[PDB]
């Protein structure tokens, strides 16, 4: 079904991969839609999944309130969170991703924001999850 391990995360409609900032701000790392093939790790978490970049042990999560461009998604450097578990579901060769806590689809916006958005269905906002052989997950 969903590949676990090292993957690339590419939003189909935009051709944008999830990229991250080089330097952590406060307790979080900012993300944006970019064109570089950033490597991420999908880990099984119960019936659902957690997501982290290959080189940092920081878990993808969704913020607690919705902003103008949508509910911001970033990785958690310091602290704890309840919104770091992701549903990842196959639709033929493509996937849609949804935050479990808030039931909102992960998406890259037209302005390159990485956000979740409540939709009747995530099935029109699909991701390309291409596995990356030679997967070196950094610990700490």
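Residue numbers count along the first chain shown, from 1.
When the C-alpha B-factors of 100 to 108 and 64 to 72 are averaged, 64 to 72 comes out higher. Comparing the deposited coordinates for 31 to 39 and 91 to 99, the stretch with the larger average C-alpha B-factor is 31 to 39.
In the deposited entry, the Cα temperature factor of residue 25 places it in the highest third of its chain's modelled residues. Placement of the Cα temperature factor of residue 81 within the chain: highest third of the modelled residues, per the deposited record. In the deposited entry, the Cα temperature factor of residue 121 places it in the middle third of its chain's modelled residues. Among the modelled residues of the chain, residue 129 sits in the middle third by CA temperature factor in this PDB entry.
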